[PDB]
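Colleague: Sending over a structure as structure tokens; questions will come in a sec.
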Amino acid sequence: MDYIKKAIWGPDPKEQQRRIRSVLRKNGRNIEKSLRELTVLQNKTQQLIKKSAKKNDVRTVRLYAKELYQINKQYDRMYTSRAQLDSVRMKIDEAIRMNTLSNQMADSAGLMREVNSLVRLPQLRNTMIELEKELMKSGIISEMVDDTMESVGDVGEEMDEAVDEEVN
Amino acid sequence: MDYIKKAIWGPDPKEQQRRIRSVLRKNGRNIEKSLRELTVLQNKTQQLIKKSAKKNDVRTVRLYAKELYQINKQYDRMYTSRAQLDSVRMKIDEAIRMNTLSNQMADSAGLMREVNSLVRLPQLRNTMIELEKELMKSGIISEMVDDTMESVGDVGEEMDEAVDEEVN
Amino acid sequence: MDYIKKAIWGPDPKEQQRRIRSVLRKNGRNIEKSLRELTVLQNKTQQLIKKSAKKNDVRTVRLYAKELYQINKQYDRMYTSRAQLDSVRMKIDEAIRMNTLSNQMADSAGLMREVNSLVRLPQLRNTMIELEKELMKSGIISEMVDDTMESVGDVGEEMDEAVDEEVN
Amino acid sequence: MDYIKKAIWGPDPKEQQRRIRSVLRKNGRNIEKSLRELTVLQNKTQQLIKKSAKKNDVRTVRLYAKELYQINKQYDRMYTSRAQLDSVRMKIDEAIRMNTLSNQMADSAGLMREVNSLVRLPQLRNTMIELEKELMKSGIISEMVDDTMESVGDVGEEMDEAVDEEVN
Amino acid sequence: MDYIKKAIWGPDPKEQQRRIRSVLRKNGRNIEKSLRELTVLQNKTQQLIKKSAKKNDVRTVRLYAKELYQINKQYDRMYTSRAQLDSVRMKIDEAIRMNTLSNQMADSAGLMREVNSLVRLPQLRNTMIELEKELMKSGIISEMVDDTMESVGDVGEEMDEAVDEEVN
């Protein structure tokens with residue numbers, strides 16, 4: 001019945017989708033664990049760098065200087081990988097929705113407001129007399145084009161200072 | 001079966017849609033005709049202004065100033081109307097598509113390119129071992145997560161100037 | 001089930017393909033290693049040619065003149081071989097894909113846009129009335145040929161200056 | 001089994017495809033008929049213009065100028081339509097093939113010629129020792145990487161004018 | 001007949017609605033039970049904390065100190081969940097009504113009072129002479145605009161201290 005959805009997720013899409021979001025969330029928590037338990041190794045080193053900064057021991061600071069870099073080299077790729085999954089998990093939750101009734105109602109009512117703003121504009125009045133005379137008495141669209149009968153075309157305050165300005 | 005689309009276009013949407021687009025190009029040509037047949041009234045007036053520009057008759061030029069104003073007031077409301085319909089006819093064609101197979105193929109093939117760019121990032125390769133081990137041998141998604149298995153990573157050129165910089 | 005794929009890669013194609021891309025990537029890294037470790041022999045010689053250029057020693061420059069050529073003769077074939085594998089590995093990754101669902105969706109949605117641009121052209125309108133009346137209510141193609149009902153054929157602004165130009 | 005092709009052509013693609021190509025040659029002949037039967041109205045008019053060219057009657061030639069314009073306005077929209085259908089019928093035949101065995105043999109036998117040109121380049125022979133030692137004795141690919149084993153390389157005529165040129 | 005109501009609640013809305021309010025009320029009573037039977041475990045602990053507060057037993061209070069926190073941690077999420085369902089059950093009873101005759105009469109009679117307050121304002125009197133002369137003798141609205149004939153426009157006590165204040 002829907003072939004593009006099965007061309008992406010396979011012969012049973014609804015169990016392929018919950019099979020990624022198991023795996024893509026187990027790895028989403030192992031990053032948040034390995035930044036929780038690796039921040040405290042950064043927090044203890046801030047107590048151990050500040051310890052031997054007042055001790056002024058060369059053999060102590062240069063021994064912490066090796067492990068402070070190798071963990072911050074580990075931190076900068078695990079902090080990156082948290083933003084890597086969140087780019088994947090957001091683009092793949094967008095693929096999972098993609099044709100839902102929830103997005104169909106949310107994107108249509110946001111569009112019917114944008115049509116309702118445009119059908120009341122006065123220069124397309126004479127379209128709406130012709131359009132009301134032709135359409136079926138349908139739902140949203142035909143209920144807008146007959147609700148816009150609140151305008152007639154009449155002359156207003158014209159310019160007189162431009163008539164003598166054309167000869168000028 | 002199709003409730004949002006019938007709520008917008010009525011109980012038979014496919015004939016409501018071609019009933020608008022029929023009307024909305026009848027007015028699409030009547031604007032384009034009345035910008036064409038009224039430009040040549042502005043074109044003949046540019047000759048008749050240039051006629052009595054050398055005659056230097058105030059009783060001739062200001063008689064054209066009464067009718068040149070009535071055409072350019074008419075032109076600027078009809079030139080506006082061409083932008084009025086084309087704002088409506090573009091939004092009301094977006095409402096006609098809105099859930100089609102034509103949008104389903106277009107908005108998803110451009111979405112699978114964006115996932116193919118993200119699954120190949122080397123920080124999340126450790127996810128793609130676990131993800132390839134779990135998924136059904138599906139279409140697009142499970143064909144991308146094992147087409148990223150044709151690569152492996154290894155350690156590189158570490159910084160040798162970092163330890164003395166950290167103790168600095 | 002697919003015989004051309006097995007006529008190229010043998011009785012088990014999926015393990016022939018990952019057996020090349022092991023070998024064709026080990027050699028892809030031995031070139032990048034042997035241009036990394038041979039550039040530094042070119043970089044030290046730029047310190048040793050510039051050394052004895054100010055020393056003005058004939059017996060030093062003409063001894064570096066032998067090894068500068070034999071390494072640049074080595075460099076120019078190893079730099080070539082990097083572009084040799086990348087021509088092979090790109091033509092053989094194209095053979096590995098060649099019938100994938102990923103290329104099937106990417107090359108079809110790029111083609112359905114090219115059909116959508118052509119079916120709306122006005123001279124083939126009277127085809128599309130006949131074509132809509134005949135086709136099944138299918139997916140992408142039949143959803144395009146009934147969406148193009150937004151045009152009727154009517155006369156426009158004809159030429160009058162060519163009628164008296166035929167006698168001219 | 002075939003999801004992209006059924007998404008384009010519907011649940012039975014093979015009868016949707018011959019249902020378009022049936023319609024799209026019915027109009028393929030009606031354009032070719034109406035360019036043939038309308039050329040002879042242009043052909044008889046070239047005699048009747050040449051009739052009253054020597055009669056020198058303005059009341060005869062300009063009566064043909066009213067009907068010669070109505071045929072060449074009709075001819076130029078029907079001559080355009082022959083290029084309109086042939087742009088559609090070529091693209092919609094490309095959509096019908098798009099994944100066939102006929103394209104799989106044609107696009108791959110032309111691809112194996114291009115790999116056969118690249119595996120015989122002598123800079124990458126050192127890959128083809130390691131590649132022949134690893135691959136299964138397959139079809140086309142492993143038959144090319146050992147049909148390039150009927151050759152060997154050796155050092156050639158070195159430059160004797162390079163050392164003095166480098167010290168120059 | 002009503003498509004938005006079926007797009008939300010499905011093909012039979014009236015049995016989807018009483019299928020939530022079964023489930024959403026069973027859970028509404030299991031919270032009120034599990035705060036009724038968990039308050040008495042808080043009430044007995046207030047008799048057991050106040051028991052060993054005068055006994056001054058360290059091994060008794062610190063043993064009740066473990067279970068007093070684990071139940072108040074249980075209480076603070078079950079007290080929250082009572083306010084969680086009542087936010088859901090009130091927003092989903094608002095969805096169930098949403099177009100009823102009961103809300104149609106209650107929101108219209110509250111609106112007709114607001115129109116009745118505004119049509120009697122004296123500056124829009126001259127509208128109501130024109131409006132009474134045009135409308136059909138309808139229900140509520142036309143019965144208000146002819147009931148407002150109890151006013152005529154006449155001059156009152158004008159200011160004289162502002163005439164000499166303009167020159168001032």
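Each chain in the structure tokens gets a letter, A, B, ..., in the order shown, and its residues are numbered from 1; ligands are numbered from 1 in order too.
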Neighbours of residue 146 (chain E) within 12 Å (only C-alpha atoms; same-chain residues fewer than 5 positions away dropped), as a list in words?
Modeller: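 My list of contacting residues is residues 116, 119, 120, 125, 127, 128, 129, 130, 131, 132, 133, 134, 135, 136, 137, 138, 139, 140, 141 and 151 of chain E.
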Colleague: Apply DSSP to the backbone of this structure and, from chain E, keep only the residues in helix (DSSP H, G or I); write these as JSON, numbers by chain.
Modeller: {"E": [4, 5, 6, 7, 8, 9, 13, 14, 15, 16, 17, 18, 19, 20, 21, 22, 23, 24, 25, 26, 27, 28, 29, 30, 31, 32, 33, 34, 35, 36, 37, 38, 39, 40, 41, 42, 43, 44, 45, 46, 47, 48, 49, 50, 51, 52, 53, 54, 55, 58, 59, 60, 61, 62, 63, 64, 65, 66, 67, 68, 69, 70, 71, 72, 73, 74, 75, 76, 77, 78, 79, 80, 81, 82, 83, 84, 85, 86, 87, 88, 89, 90, 91, 92, 93, 94, 95, 96, 97, 101, 102, 103, 104, 105, 106, 107, 108, 109, 110, 111, 112, 113, 114, 115, 116, 117, 118, 122, 123, 124, 125, 126, 127, 128, 129, 130, 131, 132, 133, 134, 140, 141, 142, 143, 144, 145, 163, 164, 165, 166]}
Colleague: Define the interface residues of chain A facing chain B as those within 8 Å, counting only C-alpha atoms, and report them as a CSV table (one decimal) with N, CA, C and O atoms, in the first residue's frame.
Modeller:
chain,number,residue,atom,x,y,z
A,4,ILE,N,7.4,3.3,-0.8
A,4,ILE,CA,8.5,4.0,-0.5
A,4,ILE,C,8.9,3.8,1.0
A,4,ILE,O,10.1,3.7,1.3
A,6,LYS,N,8.5,1.0,2.5
A,6,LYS,CA,9.1,-0.3,2.6
A,6,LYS,C,10.4,-0.4,1.8
A,6,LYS,O,11.2,-1.3,2.0
A,7,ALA,N,10.6,0.5,0.9
A,7,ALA,CA,11.9,0.5,0.2
A,7,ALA,C,13.0,1.0,1.0
A,7,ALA,O,14.2,0.7,0.8
A,8,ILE,N,12.7,1.8,2.1
A,8,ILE,CA,13.6,2.4,3.0
A,8,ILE,C,13.9,1.4,4.2
A,8,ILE,O,15.0,1.1,4.6
A,9,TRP,N,12.8,1.0,4.8
A,9,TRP,CA,12.9,0.2,6.0
A,9,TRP,C,12.7,-1.3,5.8
A,9,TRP,O,12.8,-2.0,6.8
A,10,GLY,N,12.4,-1.8,4.6
A,10,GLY,CA,12.4,-3.2,4.4
A,10,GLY,C,11.0,-3.7,4.4
A,10,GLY,O,10.0,-3.0,4.3
A,11,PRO,N,10.9,-5.0,4.4
A,11,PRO,CA,9.5,-5.7,4.2
A,11,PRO,C,8.6,-5.5,5.4
A,11,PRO,O,7.4,-5.5,5.2
A,16,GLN,N,11.5,-2.6,11.9
A,16,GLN,CA,12.8,-2.0,11.5
A,16,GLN,C,13.0,-0.7,12.3
A,16,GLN,O,14.2,-0.4,12.7
A,19,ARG,N,13.8,-1.2,15.9
A,19,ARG,CA,15.1,-1.9,16.0
A,19,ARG,C,16.3,-1.0,15.9
A,19,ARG,O,17.3,-1.3,16.5
A,20,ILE,N,16.1,0.1,15.2
A,20,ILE,CA,17.1,1.2,15.2
A,20,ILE,C,17.1,1.9,16.5
A,20,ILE,O,18.1,2.1,17.2
A,23,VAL,N,18.9,0.3,19.3
A,23,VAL,CA,20.3,0.4,19.1
A,23,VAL,C,20.8,1.8,19.2
A,23,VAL,O,21.8,2.1,19.9
A,24,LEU,N,20.1,2.8,18.6
A,24,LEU,CA,20.6,4.1,18.5
A,24,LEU,C,20.3,4.9,19.8
A,24,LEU,O,20.7,6.1,19.9
A,27,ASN,N,23.4,3.2,22.4
A,27,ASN,CA,24.7,4.0,22.2
A,27,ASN,C,24.5,5.4,22.6
A,27,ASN,O,25.5,6.1,22.9
A,61,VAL,N,53.9,17.3,38.4
A,61,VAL,CA,53.0,18.0,37.4
A,61,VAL,C,53.3,17.4,36.0
A,61,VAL,O,52.3,17.1,35.2
A,62,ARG,N,54.6,17.1,35.7
A,62,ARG,CA,54.9,16.5,34.4
A,62,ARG,C,54.4,15.0,34.3
A,62,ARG,O,54.4,14.5,33.2
A,65,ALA,N,50.8,15.7,33.5
A,65,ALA,CA,50.7,16.3,32.2
A,65,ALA,C,50.6,15.3,31.1
A,65,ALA,O,50.1,15.6,30.0
A,66,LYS,N,50.9,14.0,31.3
A,66,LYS,CA,50.7,13.0,30.3
A,66,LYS,C,49.3,12.5,30.3
A,66,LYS,O,48.7,12.3,29.3
A,69,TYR,N,46.4,15.1,29.0
A,69,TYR,CA,46.2,15.2,27.6
A,69,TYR,C,45.5,14.0,27.0
A,69,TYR,O,44.6,14.2,26.1
A,77,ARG,N,36.7,13.5,21.5
A,77,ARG,CA,36.0,12.7,20.5
A,77,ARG,C,34.8,12.1,21.0
A,77,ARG,O,33.9,11.8,20.3
A,80,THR,N,32.3,14.9,20.9
A,80,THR,CA,31.9,15.0,19.5
A,80,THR,C,30.8,14.0,19.2
A,80,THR,O,29.8,14.3,18.6
A,81,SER,N,31.1,12.7,19.6
A,81,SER,CA,30.2,11.6,19.3
A,81,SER,C,28.8,11.8,19.9
A,81,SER,O,27.9,11.1,19.4
A,84,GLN,N,27.3,13.7,17.3
A,84,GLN,CA,27.2,12.9,16.1
A,84,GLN,C,25.9,12.1,16.1
A,84,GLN,O,25.2,12.0,15.1
A,85,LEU,N,25.6,11.4,17.2
A,85,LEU,CA,24.3,10.6,17.3
A,85,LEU,C,23.1,11.5,17.2
A,85,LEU,O,22.1,11.1,16.6
A,87,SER,N,22.7,14.2,15.7
A,87,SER,CA,22.5,14.6,14.3
A,87,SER,C,21.8,13.4,13.5
A,87,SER,O,21.0,13.6,12.7
A,88,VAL,N,22.2,12.2,13.9
A,88,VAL,CA,21.7,11.0,13.2
A,88,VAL,C,20.3,10.7,13.7
A,88,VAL,O,19.4,10.4,12.9
A,91,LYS,N,17.7,13.2,12.3
A,91,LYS,CA,17.4,13.0,10.9
A,91,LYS,C,16.7,11.6,10.7
A,91,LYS,O,16.1,11.5,9.6
A,92,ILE,N,16.8,10.7,11.6
A,92,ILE,CA,16.2,9.4,11.4
A,92,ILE,C,14.8,9.3,12.1
A,92,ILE,O,14.0,8.5,11.8
A,95,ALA,N,12.7,10.8,9.4
A,95,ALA,CA,12.4,9.8,8.4
A,95,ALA,C,11.3,8.9,8.8
A,95,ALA,O,10.5,8.4,8.0
A,98,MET,N,7.5,11.5,8.7
A,98,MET,CA,7.5,11.7,7.2
A,98,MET,C,6.2,11.6,6.5
A,98,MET,O,5.9,12.4,5.5
A,99,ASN,N,5.2,10.8,6.9
A,99,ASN,CA,3.9,10.7,6.5
A,99,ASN,C,3.1,10.2,7.7
A,99,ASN,O,2.9,8.9,7.8
A,104,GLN,N,0.3,15.6,9.2
A,104,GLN,CA,-0.6,16.0,8.2
A,104,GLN,C,-1.6,17.1,8.7
A,104,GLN,O,-1.9,18.0,8.0
A,105,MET,N,-2.0,16.9,10.0
A,105,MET,CA,-2.9,18.0,10.5
A,105,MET,C,-2.1,19.2,10.9
A,105,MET,O,-2.6,20.3,10.8
A,108,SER,N,-1.1,21.1,7.7
A,108,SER,CA,-2.3,21.6,7.0
A,108,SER,C,-3.0,22.8,7.6
A,108,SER,O,-3.4,23.8,6.9
A,111,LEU,N,-1.1,25.7,7.1
A,111,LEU,CA,-1.2,26.1,5.7
A,111,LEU,C,-2.5,26.8,5.4
A,111,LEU,O,-2.6,27.7,4.6
A,114,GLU,N,-2.4,30.3,6.1
A,114,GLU,CA,-1.7,31.1,5.0
A,114,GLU,C,-2.5,31.3,3.8
A,114,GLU,O,-2.2,32.2,3.0
A,115,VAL,N,-3.5,30.4,3.6
A,115,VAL,CA,-4.4,30.6,2.4
A,115,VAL,C,-5.5,31.6,2.8
A,115,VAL,O,-5.9,32.4,2.0
A,118,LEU,N,-4.4,35.2,2.3
A,118,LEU,CA,-4.3,35.6,1.0
A,118,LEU,C,-5.6,35.8,0.2
A,118,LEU,O,-5.6,36.6,-0.7
A,119,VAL,N,-6.6,35.0,0.5
A,119,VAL,CA,-7.9,35.1,-0.2
A,119,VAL,C,-8.7,36.3,0.1
A,119,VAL,O,-9.6,36.6,-0.6
A,121,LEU,N,-7.4,39.4,0.2
A,121,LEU,CA,-6.7,40.6,-0.4
A,121,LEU,C,-7.6,41.2,-1.4
A,121,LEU,O,-8.2,40.4,-2.2
A,123,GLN,N,-7.4,42.9,-4.3
A,123,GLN,CA,-7.2,42.9,-5.8
A,123,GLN,C,-7.7,41.6,-6.4
A,123,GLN,O,-8.0,41.6,-7.6
A,124,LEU,N,-7.8,40.5,-5.7
A,124,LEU,CA,-8.3,39.3,-6.1
A,124,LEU,C,-9.8,39.1,-5.7
A,124,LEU,O,-10.2,38.0,-5.5
A,127,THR,N,-11.8,37.6,-8.6
A,127,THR,CA,-11.6,36.1,-8.7
A,127,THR,C,-12.6,35.4,-7.8
A,127,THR,O,-13.2,34.4,-8.2
A,130,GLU,N,-16.1,34.8,-9.0
A,130,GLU,CA,-16.1,33.7,-10.0
A,130,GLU,C,-15.8,32.4,-9.3
A,130,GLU,O,-16.4,31.3,-9.7
A,131,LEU,N,-15.0,32.4,-8.3
A,131,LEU,CA,-14.6,31.1,-7.6
A,131,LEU,C,-15.7,30.6,-6.7
A,131,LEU,O,-15.9,29.4,-6.7
A,134,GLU,N,-18.4,28.8,-8.8
A,134,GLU,CA,-18.0,27.5,-9.4
A,134,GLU,C,-17.8,26.3,-8.4
A,134,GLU,O,-18.1,25.2,-8.8
A,135,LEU,N,-17.3,26.6,-7.2
A,135,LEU,CA,-16.9,25.4,-6.4
A,135,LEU,C,-18.0,24.7,-5.8
A,135,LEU,O,-19.1,25.2,-5.6
A,136,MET,N,-17.8,23.4,-5.4
A,136,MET,CA,-18.7,22.7,-4.6
A,136,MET,C,-18.6,23.3,-3.2
A,136,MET,O,-17.7,23.9,-2.8
A,137,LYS,N,-19.7,23.0,-2.4
A,137,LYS,CA,-19.7,23.5,-1.0
A,137,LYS,C,-19.0,22.5,-0.2
A,137,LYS,O,-19.6,21.6,0.5
A,138,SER,N,-17.7,22.6,-0.2
A,138,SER,CA,-16.7,21.6,0.3
A,138,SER,C,-16.4,22.0,1.8
A,138,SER,O,-17.1,22.7,2.4
A,139,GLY,N,-15.2,21.5,2.2
A,139,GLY,CA,-14.8,21.9,3.6
A,139,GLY,C,-14.0,23.2,3.6
A,139,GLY,O,-14.7,24.2,3.4
A,140,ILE,N,-12.7,23.2,4.0
A,140,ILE,CA,-12.0,24.4,4.4
A,140,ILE,C,-12.0,25.4,3.3
A,140,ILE,O,-12.2,26.6,3.6
A,141,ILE,N,-11.6,25.0,2.1
A,141,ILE,CA,-11.3,25.9,1.0
A,141,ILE,C,-12.6,26.7,0.6
A,141,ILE,O,-12.6,27.9,0.4
A,142,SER,N,-13.6,26.0,0.3
A,142,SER,CA,-14.9,26.6,-0.2
A,142,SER,C,-15.5,27.4,1.0
A,142,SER,O,-16.4,28.2,0.7
A,162,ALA,N,-0.8,64.9,-9.0
A,162,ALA,CA,-0.1,64.2,-10.0
A,162,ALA,C,-0.5,64.4,-11.4
A,162,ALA,O,0.2,64.1,-12.4
A,163,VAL,N,-1.7,65.0,-11.6
A,163,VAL,CA,-2.3,65.3,-12.9
A,163,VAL,C,-1.5,66.5,-13.5
A,163,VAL,O,-1.0,66.4,-14.6
A,164,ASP,N,-1.3,67.5,-12.7
A,164,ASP,CA,-0.5,68.7,-13.1
A,164,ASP,C,1.0,68.4,-13.0
A,164,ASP,O,1.9,69.2,-13.3
A,166,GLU,N,2.3,65.5,-14.3
A,166,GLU,CA,2.7,64.8,-15.6
A,166,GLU,C,3.1,65.8,-16.6
A,166,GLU,O,4.0,65.5,-17.4
A,167,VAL,N,2.4,66.9,-16.7
A,167,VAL,CA,2.8,68.0,-17.6
A,167,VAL,C,4.1,68.7,-17.1
A,167,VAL,O,4.8,69.2,-17.9
Colleague: How far is it from CA of residue 155 (chain A) to CA of residue 35 (chain B), in Å with one decimal?
Modeller: 20.4 Å
Colleague: Mind pulling up the distance from CA of residue 86 (chain A) to CA of residue 31 (chain A)?
Modeller: 11.0 Å
Colleague: Could you check how far CA of residue 21 (chain C) sits from CA of residue 97 (chain C), in Å to one decimal?
Modeller: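 The value is 13.1 Å.
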